[PDB]
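Chains as they are written, first to last, in the working numbering: chain A, 2 to 219; chain B, 46 to 257; chain C, 184 to 284.
The C-beta atom is built at its ideal place from N, Cα and C for all residues, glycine as well.
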Amino acid sequence: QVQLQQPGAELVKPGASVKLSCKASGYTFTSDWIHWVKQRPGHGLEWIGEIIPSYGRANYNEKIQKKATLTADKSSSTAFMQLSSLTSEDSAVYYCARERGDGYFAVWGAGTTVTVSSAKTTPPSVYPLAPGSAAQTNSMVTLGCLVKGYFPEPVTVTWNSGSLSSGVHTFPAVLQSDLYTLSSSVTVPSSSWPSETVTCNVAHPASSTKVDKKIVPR
Amino acid sequence: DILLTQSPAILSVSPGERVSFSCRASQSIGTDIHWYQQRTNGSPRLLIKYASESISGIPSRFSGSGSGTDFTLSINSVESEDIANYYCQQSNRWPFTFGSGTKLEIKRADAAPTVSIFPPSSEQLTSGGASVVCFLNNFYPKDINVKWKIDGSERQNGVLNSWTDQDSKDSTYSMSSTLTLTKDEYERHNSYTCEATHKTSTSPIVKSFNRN
Amino acid sequence: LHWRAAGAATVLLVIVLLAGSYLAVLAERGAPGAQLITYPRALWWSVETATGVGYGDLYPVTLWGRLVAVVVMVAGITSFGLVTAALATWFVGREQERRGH
Ligand SMILES: CCCCCCCCCO
Ligand SMILES: [K+]
């Protein structure tokens, strides 16, 4: 089972604050330390701080500006990270990790994508991508769906509820006029469509929306 | 604070070969180094702990060696799933620190792109918008060019491109070109064309559809 | 009594070794340059401290870390000397039998 559970995304206004969470499961020891790591897009890993839930003691990176405040709830087994007064420089993916007190990070959370802007949350519009009536096909056929006009990052695209993962591409989003847009492709044998259902699932954590779109021929 | 240097930043290896990642510490840290793997959009995953100790669930082709200030991560017979970023981390002195990271890159055989063009959907047109989508999938090398033609004439406005990093299944690349037109603009034209120019072919791979 | 206090010293020493190992990590973390920041080697440090073997591979650099160290030293010194005192009382008693006194 998943040991560390983090929310997908958090939209923050410049100057405001946010409190990220990290619910834990699995084996729990008093020697356990919960760490937080910051990763900016296209950058590397950056240790923010640590905390031992069985005492409430917390340490922080001295080489960076202190934006964080670490707390924990022993009952709900949840670690908290208070980020205050955020700018565009604080926009990154924040991971939480568990250390057994032996130096290494055995398990990581999925990470929370924190976006700092004054723009508004916008759910995505999902449109199907079926081949034209004149397009020929080989042994394989290429389908897809268009995720456009959402904010902020990220979105998770799966095909047939994750049961279909072979031959899938999901392109990085492009930003235009405070709205993101991407596409995802899927390649199945031409003999299996549309005799077998193909559907893309699009989750947008920031708006708590998840939609489905079946890909039927035109 | 302990400084961990990972050179080089990028490693290009052929399929099946043995690769080695380097991690040098600014001072002696014994064997208190740990290795992590991070694929695209994924979270870091522990590969090797304490320089050489193996982790359960990790393929046996991963090994590690070194002590003091010089540490090496080795992948035996590199395959497509190994394409990711690799980080080292020390636990000898507070605070813990990470290396800058090294990206693994596989040089596979040359592959021609699979081009597919997609007309706007019924749902999108209803909202008063029209996006023409073209996929250029599974090609190598990564260098490629896409060209749009509306009714035989080259178009450059309203075209957005997106490239994926190296694929962790076949070591290929893929890009998507999207032409965004208003419903009115889209209805005033007939032929839409996506053209892909790649190393594998002197002639462009062309895909078109008529609005009808 | 001497045998009891010896056994009492041993179990207390073990507790101090465990607690001292835990408290050291808690105190040392947060201070740049500290090496006493993981439990396994902290326990090894605790044994080193209680025995005074003097390998000098690990030592606290903070006030509370050093305070923990002192407790372990004295606990080790008291314990290993209580055992000496217990062994002495044992021999003294046995000598008072082989002379018939
Ligand atoms: C001797 C008892 C001290 C226990 C360790 C306290 C940790 C101090 C952190 O500021
Ligand atoms: K001594």
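The C-beta of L147/A has 16 or more other C-beta atoms within 10 Å across all chains shown, which makes the residue buried. Proximity of the segment 98 to 107 of chain A to the segment 83 to 94 of chain B meets the contact definition, three or more beta-carbon pairs being nearer than 8 Å. Counting along the chain, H79/B sits inside the beta strand (DSSP E) bounded by residues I78 to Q83.
Look at which beta carbons fall closer than 6 Å to any heavy atom of ligand 2; those residues are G235/C and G237/C. Shown in chain order are the members of the segment 185 to 218 of chain C whose Cβ falls below 8 Å from a Cβ of chain A: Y205, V208, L209, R212, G213 and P215. Residues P15, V117 and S118 of the same chain have their beta carbon placed closer than 8 Å to that of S89/A, with the five preceding and five following residues left out of the count.
Sequence-distant Cβ neighbours of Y238/C in its own chain, meaning closer than 7 Å and more than five residues away, are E231. Annotation: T245/C has no Cβ neighbours in chain B at a cutoff of 8 Å; minimum Cβ distance is about 10 Å.
Listed along chain B are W139, each with a C-beta nearer than 7 Å to that of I220/C. At a threshold of 7 Å, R249/C does not count as near ligand 1, since its beta carbon sits no closer than that to any of the ligand's heavy atoms.
Scanning the segment 126 to 170 of chain A from its first residue to its last, no whole alpha helix (DSSP H) run of 4-plus residues comes out.
Residues of the segment 87 to 107 of chain B with a C-beta less than 8 Å from any C-beta of chain A: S88, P89, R90, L91, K94 and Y95, listed in chain order.
Per DSSP, the continuous alpha helix (DSSP H) segment holding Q169/B begins and ends at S167 to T171. Contact between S145/B and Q51/B holds, with the beta-carbon distance rounding to 5 Å and staying under 8 Å. Legend: CB atoms of the segment 136 to 160 of chain B lying less than 9 Å from CB atoms of chain C belong to residues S136, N137, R138, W139, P140 and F141. The DSSP assignment places complete alpha helix (DSSP H) segments of no fewer than 4 residues inside the segment 189 to 239 of chain B at 228 to 232, in order along the chain. For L180/A, no CB of chain B lies under 8 Å from its own CB, so it is not counted at the interface with that chain.
Going by DSSP, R58/A is part of the beta strand (DSSP E) stretching over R58 to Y61. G50/A sits in a strand when the DSSP states are folded into three classes. Taking the CA atoms as reference points, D74/A sits about 12 Å from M82/A. The distance from the Cβ of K39/A to that of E51/A is about 13 Å, inconsistent with a contact at the 8 Å cut-off.
Within the segment 211 to 258 of chain C, complete alpha helix (DSSP H) segments of at least 4 residues are found at 222 to 234, given in chain order. Uninterrupted alpha helix (DSSP H) stretches at least 4 residues long and entirely within the segment 10 to 49 of chain A do not occur. Sequence-distant partners of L200/C (beyond 5 residues in either direction) whose C-beta falls short of 6 Å from its own C-beta, in its chain, are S229.
Taking 4 residues as the shortest admissible run, the segment 67 to 139 of chain B contains no complete alpha helix (DSSP H) segment at all.
For ligand 1, no non-hydrogen atom lies closer than 7 Å to the CB of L201/C. Distance from the Cα of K252/B is smallest, within the candidate group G113/B, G102/B and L181/B, for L181/B.
Taking the Cβ of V255/C as the reference point, every heavy atom of ligand 1 lies at 7 Å or farther away. For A80/A, the three-state secondary structure derived from DSSP is strand. Contact annotation: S176/B and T225/B have beta-carbon atoms nearer than 8 Å.
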